[PDB]
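Q: experimental coordinates follow, after the sequence.
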Amino acid sequence: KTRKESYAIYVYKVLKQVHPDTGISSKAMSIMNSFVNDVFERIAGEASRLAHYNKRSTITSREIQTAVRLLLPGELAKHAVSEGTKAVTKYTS
Amino acid sequence: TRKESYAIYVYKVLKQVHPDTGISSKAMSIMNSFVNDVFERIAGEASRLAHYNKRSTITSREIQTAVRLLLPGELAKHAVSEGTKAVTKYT
Amino acid sequence: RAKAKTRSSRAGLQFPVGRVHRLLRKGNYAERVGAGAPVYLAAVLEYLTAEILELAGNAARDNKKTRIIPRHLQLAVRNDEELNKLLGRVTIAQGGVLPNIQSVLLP
Amino acid sequence: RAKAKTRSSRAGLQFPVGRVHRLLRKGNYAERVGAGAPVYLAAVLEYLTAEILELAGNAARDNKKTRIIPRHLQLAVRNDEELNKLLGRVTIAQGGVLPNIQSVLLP
Amino acid sequence: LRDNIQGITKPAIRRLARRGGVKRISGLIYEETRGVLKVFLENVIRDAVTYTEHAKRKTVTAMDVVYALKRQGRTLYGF
Amino acid sequence: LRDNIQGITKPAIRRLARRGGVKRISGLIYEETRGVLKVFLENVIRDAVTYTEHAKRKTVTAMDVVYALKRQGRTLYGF
Amino acid sequence: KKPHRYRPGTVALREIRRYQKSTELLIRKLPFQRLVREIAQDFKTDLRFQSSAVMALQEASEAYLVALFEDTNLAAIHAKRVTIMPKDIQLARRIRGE
Amino acid sequence: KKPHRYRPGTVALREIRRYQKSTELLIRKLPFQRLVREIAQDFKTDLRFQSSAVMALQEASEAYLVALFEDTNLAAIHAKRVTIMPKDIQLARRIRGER
DNA sequence: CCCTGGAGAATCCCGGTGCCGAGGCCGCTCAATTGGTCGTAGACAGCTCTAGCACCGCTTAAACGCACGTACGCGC
């Protein structure tokens, strides 16, 4: 039927990459899909919000870097920044 | 450069309802921030409303739905009626 | 090129319809923006502006002032229950709070 | 053309870079979306996903369960202080609350 | 449909407070909790009504309830 | 710059309580109010720091503080 | 022959422990379903709700009331009490701004 | 002879009425301004603040503290008291969700 | 009136069933991937000039401190 975009399998591979002996129910899967989408809307909304104030038309990696610093607090922020910085350097290389 | 402001339009509104009083620039900045803050809230809700039903456009119904979602109680039906009257007068 | 008539005058409004339409277009809200959406938005903003200024003007007459000051705007917003709930998470500079004292505090 | 290698594997990531980029373009945020912005978004989402699931897996072993069910996700979010502040305004269905009792409540 | 505010029974309100770690529950709490729940339901459902009316739909969906809860800072996961 | 948390003096905290309708002010409330003010400032100013850093600027503007307060649901009118 | 006669408070704490580690829905389905329809019929008649739509409403309302009860209970010990009052809820809503 | 000797609370009410109708800022500009700089020094060493930038932070902090004091005061009468307590603020932040 | 032994009942650990939701597999198809091509936003370089930073008189209302007692937090 109609293909609905979801992060059902993507969370599953993340779970097995850090915990290859546990599973996850569909109700917990839907919570994770809602959790990913809400954080996606918050950061992309913030990144769009940041670009409008600087009169900038594009959203770069620095837009996301500032967005996750504003939303995620403290130690959770800098690991996400470090993980984000590592991903961009690996992608460019 | 030129900076966008809502100062003069509010002044004509102020003289329309109360021509015997003025306004200060310090209060003007508060009202300018007030109109701007409501502007992003309604447009943000209307943009979110269009994204929910996969709508690529924002109509008068998009603004009307955002008003009743944001403005509570009897304040909302005034803005709905005021918006409806302006829409009918527009056509 | 005929006579240039603003949409605000055609809709019986003072707020600029074209400015609202322009801000909606460059605000990255939607791919398309309707004709009545800025008209509806301007009318709603006009009513909200007129309602606050009327209560501020009524509040200004209370303390014998003929000029609207940020104290009057804070008093107008907080006195109205609809405006207080709408602007519950809104901070007003140089407005203070309502001059109310709890009943057990009076002698 | 060349081999259709996914951008997630190029960046060393599991979350879809293309889906994030597609949702950023159609999500009505900006006129243009940069190249590294979906890569940064995928890394942040994956790290947040991995952090909670590891804590949910830790909570699952506390009650001796091999399947993640919504009580484990709620327990993982509230126990972590950063996840508590990040999701303070977030309601989790079928999760309940932390089983904590006031000190003066016990006999 | 009348007198449906009493559907939230006193043990149900008692059970809800037990989840919150409440030691003792007064007899006047149940009437107040019903009124608070009625006020909270009157805001979420009305917001969901406008969401359903905007979609030209006659049945309120779970997604509209989520958006009604999300706009007031009470976002819900799992639906 | 050290010991600047004491710049919020005792009558200044007392005046803030009087604006809030507080009749009696305890002697231990000044350390708690300073701690609450320090925590609140450590969030908004840090948020404005990221706003200033992202804007390619080395001076913090009031405009950046406006969005820093707005993103936490504490929008300020009058800038 | 003597009855057990549990003193008040101990079984209440037992109910607290048994219901904090559990995740079943405390409010019944149809009583919450019928309350939604009565409230919605005041806003618009001939309105229907999906089964999962009420499911989203039921869990959100319980969690909001549980969190309200947590602040209501926290006000009781703050007021040197263990019994919650209707005025405790009124203080909780006022501080939250509701 | 004796002075007027106002009872405890009488001058407090006069200060309550005065500061609830006057919009002058209670916190002094300079001691608050230096508090911004030492807090921002932990995030950026070479940072500057505009006069209006410190102005916007002061009003938001004053209004937040006034709103916090309003909730703190209301908890006192709720707890059969007229004196605000540090536990009342801790209750106020937790109910508001600010820890 | 407080310390300690025994037993009633809600709760916790454990063996057996199984079943229905979770895990794994097959297409395959539609959205993710590859290459090119421009309009164009953006990084970079030089000017500047308007507002913030640092120090100085001063004076004066704001603030620390001490003496006293009565409204009030707290114990019972």
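A: Good, I have the coordinates. Numbers count the residues shown, from 1 in each chain, chains lettered A, B, ... in the order given.
Q: how far away is the closest residue to DNA strand I within chain A from residue D:65?
A: Minimum separation of chain A from DNA strand I (C-beta to the nearest atom of the strand) falls at residue A:23, amounting to 2.6 Å. Quick note: C-beta positions are derived from backbone N, CA and C, even for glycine. With distances taken as C-beta to C-beta, to the nearest Å, residue A:23 is found 9 Å from residue D:65.
Q: please apply the same query to residue C:51.
A: As judged by C-beta to C-beta, residue C:51 and residue D:65 stand 56 Å apart.
Q: which residues touch residue A:59?
A: A:44, A:47-48, A:51, D:24, D:29-30, D:32-34, D:37 (C-beta atoms under 8 Å, 6 or more residues apart in numbering or on different chains).
Q: quick one, strands of chain C?
A: C:32-33, C:67-68, C:90-92 (DSSP state E).
Q: for chain A, which of these is the nearest?
A: Proximity to chain A (C-beta to the nearest C-beta) singles out strand C:32-33 among those, at 16.2 Å.
Q: contacts for that closest one?
A: B:56-58, C:21, C:24-25.
Q: switch the cut-off to 6 Å
A: With C-beta atoms under 6 Å, 6 or more residues apart in numbering or on different chains as the test, strand C:32-33 has contacts from B:56-58, C:24-25.
Q: would you reformat those residues as a markdown table and include distance to residue F:3?
A: Below are the contacts of strand C:32-33 laid out as a markdown table (distance: C-beta to C-beta, whole Å):
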| residue | distance to residue F:3 |
| --- | --- |
| B:56 | 58 |
| B:57 | 59 |
| B:58 | 54 |
| C:24 | 51 |
| C:25 | 52 |
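Q: looking at those residues, which one is closest to chain E?
A: Out of those, the member with the shortest distance to chain E (by C-beta to the nearest C-beta) is residue B:58, at 11.6 Å.
Q: quick revisit: can you tell me which of the strands of chain C is most buried?
A: Greatest average neighbour count among the strands of chain C goes to strand C:90-92 (a mean of 22), per mean count of other C-beta atoms under 10 Å in any protein chain shown.
Q: is it anywhere near chain F?
A: Yes: counting by C-beta under 6 Å from any C-beta of the partner chain, chain F has neighbours in strand C:90-92: C:90-92.
Q: can you lay out the residues you listed as JSON lines showing distance to residue G:12?
A: Below are these laid out as JSON lines (distance: C-beta to C-beta, whole Å):
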{"residue": "C:90", "distance to residue G:12": "41"}
{"residue": "C:91", "distance to residue G:12": "42"}
{"residue": "C:92", "distance to residue G:12": "45"}
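Q: state which helix of chain A is the longest.
A: helix A:26-53 (DSSP state H).
Q: quick revisit: neighbour-wise, which of residue C:51 and residue D:65 wins?
A: Neighbours of residue C:51 and residue D:65, each counted by other C-beta atoms under 10 Å in any protein chain shown, are more numerous for residue C:51; the result is 18 against 15.
Q: ok, and the closest non-adjacent residue to the spatially most central residue of chain G?
A: In chain G, the centroid-proximal residue (C-alpha atoms, centre = their mean) is residue G:65; its distance is 4.4 Å. The shortest distance from residue G:65 to any non-neighbouring residue, by C-beta to C-beta, 6 or more residues apart in numbering or on different chains, is to residue E:16 (5.3 Å).
Q: distance from the host helix or strand of the one you found to the middle of the chain?
A: Assigned by DSSP states H and E, residue E:16 belongs to helix E:10-19. Its chain's C-alpha centre lies 15 Å from the corresponding centre of helix E:10-19 when counted by C-alpha atoms, centre = their mean, to the nearest Å.
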